[PDB]
Amino acid sequence: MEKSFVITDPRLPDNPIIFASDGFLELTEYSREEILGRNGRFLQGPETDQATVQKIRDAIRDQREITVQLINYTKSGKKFXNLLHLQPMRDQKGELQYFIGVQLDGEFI
Ligand SMILES: Cc1cc2nc3c(=O)[nH]c(=O)nc-3n(C[C@H](O)[C@H](O)[C@H](O)COP(=O)(O)O)c2cc1C
Ligand SMILES: [Cl-]
Ligand SMILES: [Mg+2]
C-alpha cells in the first residue's frame, strides 16, 4: 500500500489534520473531505484501549515521539490494528510546527 500518514497543526484548536496521504484514504476508507479538519481520534471506537489513548495524550502534551499499537476502525466499521508512529516536528526557531502520524496496518506485537 502507499504510505499512510497525516499531518496535524497543533496551533489550531484540538490539533486537526491538515494533510492526509492517499495511503491514509485507502487504509481508512474515508474521503479527504471527511478527514481534513478533524482530530485523529476519530478512528477510535469501543474496542480501542483507553490506556494507550492516554499514552498518546501524554506524548502529544510533552511533544515527544511515540509508537503505539491500537485498534482503529475504517469508515464501514472494519477493525484494523494500527501501528501508529507519532513525531513532533519543530521549525528552525525550535517551535512545534506540526505532528506527523504514520500508520502501519496489521498485528505487529
Ligand atoms: C499526527 C497525528 C496522527 C494521529 N493518528 C491517529 C490514528 O491514526 N489513530 C488514532 O487512534 N489516533 C491517532 N491520533 C491520536 C488522537 O489524535 C489523539 O491525540 C488521542 O486520541 C489522544 O487525545 P484524546 O485523549 O484527546 O483523544 C493522532 C494524533 C496525531 C497528532
Ligand atoms: Cl491530538
Ligand atoms: Mg477519547
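Atom set for the values below is all heavy atoms of this structure, side chains included, hydrogens, waters and symmetry mates excluded. For the single chain, residues carry numbers from 1 onward in sequence order. Ligands are counted one by one from 1 in listed order, and the atoms in each one are counted from 1 as well.
With atom 26 (O) of ligand 1 as the reference point, the heavy atom nearest to it among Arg57, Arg41, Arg61 is part of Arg41. Distances from atom 11 (O) of ligand 1 to the heavy atoms of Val53, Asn72, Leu84 show the closest one on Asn72.
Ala20 and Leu36 make their closest contact through N-CD2, 4.1 Å (heavy atoms, listed as atom of the first residue, atom of the second, distance). Here the closest non-hydrogen pair linking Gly23 and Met1 is O-CE, 3.1 Å. Closest of all the heavy-atom pairs between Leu96 and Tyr98 is CD1-O, 3.8 Å. Scanning all heavy atoms of the two residues, the minimum distance from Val53 to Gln44 falls at CG2-OE1, 3.7 Å.
Listed by atom number, the atoms of ligand 1 under 4.0 Å from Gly101 heavy atoms are 1 (C), 3 (C). Listed by atom number, the atoms of ligand 1 under 4.0 Å from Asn39 heavy atoms are 16 (C), 17 (O), 18 (C). Of all the atoms in ligand 1, the ones that sit under 4.0 Å from a non-hydrogen atom of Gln103 are 5 (N), 8 (O). The atoms of ligand 1 that sit less than 4.0 Å from any heavy atom of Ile100 are 1 (C). Of all the atoms in ligand 1, the ones that sit under 4.0 Å from a non-hydrogen atom of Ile60 are 19 (O), 29 (C), 31 (C). Listed by atom number, the atoms of ligand 1 under 4.0 Å from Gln44 heavy atoms are 10 (C), 11 (O), 12 (N), 20 (C), 21 (O). Contact atoms of ligand 1 toward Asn15: 31 (C) (distance under 4.0 Å to a heavy atom of the residue). Heavy-atom proximity to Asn82, at under 4.0 Å, picks out these atoms of ligand 1: 7 (C), 8 (O), 9 (N).
Without hydrogens or angle criteria, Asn39 side chain to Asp14 main chain gives a donor-acceptor distance under 3.5 Å. Under the 3.5 Å distance criterion, the side-chain polar atoms of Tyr30 are left unmatched by any main-chain donor or acceptor of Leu43. A distance-only check finds no donor-acceptor pair linking the side chain of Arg32 to the backbone of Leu25 [under 3.5 Å]. Put simply, the side chain of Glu29 never gets that close to the backbone of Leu27: no donor and acceptor are under 3.5 Å apart.
Remark: ligand 1 and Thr8 share no N or O pair separated by less than 3.5 Å (distance only, no angle test).
Other residues, nucleotides and ligands place more than 12 heavy atoms under 6.0 Å from the CD atom of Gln54.
Among all non-hydrogen protein atoms, the one lying nearest atom 15 (C) of ligand 1 is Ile56 CG2, 3.7 Å. Atom 2 (C) of ligand 1 has as its closest protein heavy atom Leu86 CD2, 3.5 Å. Annotation: atom 13 (C) of ligand 1 to nearest protein heavy atom, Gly40 O, 3.5 Å.
For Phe19 and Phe5, the gap between ring centers is short of 6.0 Å.
Contact annotation: for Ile17 versus ligand 1, there are no heavy atoms closer than 4.0 Å.
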